[PDB]
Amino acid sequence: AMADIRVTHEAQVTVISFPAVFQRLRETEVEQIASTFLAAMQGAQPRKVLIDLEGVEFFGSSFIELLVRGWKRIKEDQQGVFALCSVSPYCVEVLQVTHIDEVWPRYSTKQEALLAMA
């Protein structure tokens, strides 16, 4: 019954996407997805991960905290990459509160992100 992120493998990148039921990511939603998300952070070096935020309209500290956990798992790979795409303008305003995303390249669409991460 319980909704979850969807994890796809596209062009050597593990892509994390969100179903429509996850418009707003609070503490409850973050607990629901944490396990699938963190298990998707493994893979042969260099690991490349893209968080595709299309459809997501809100998040805050709980979700940023999860993303940081994912990033810490892959960040020691020399050519590892932890990227975002399709971030709504509001979610960008929330990201602007934190400084950590300065190390996560952000792209306007998945297609652009995938091409840049080849």
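All residue numbers are counted from 1 along the displayed sequence.
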| property | result |
| --- | --- |
| Mean Cα B-factor comparison, 15-23 or 105-113, giving the higher one as deposited | 15-23 |
| Stretch with the higher entry mean CA B-factor, where the candidates are 38-46 and 66-74 | 38-46 |
| Position of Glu54 among the chain's modelled residues by C-alpha B-factor, lowest, middle or highest third | middle |
| Lowest, middle or highest third - CA B-factor, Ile5 | middle |
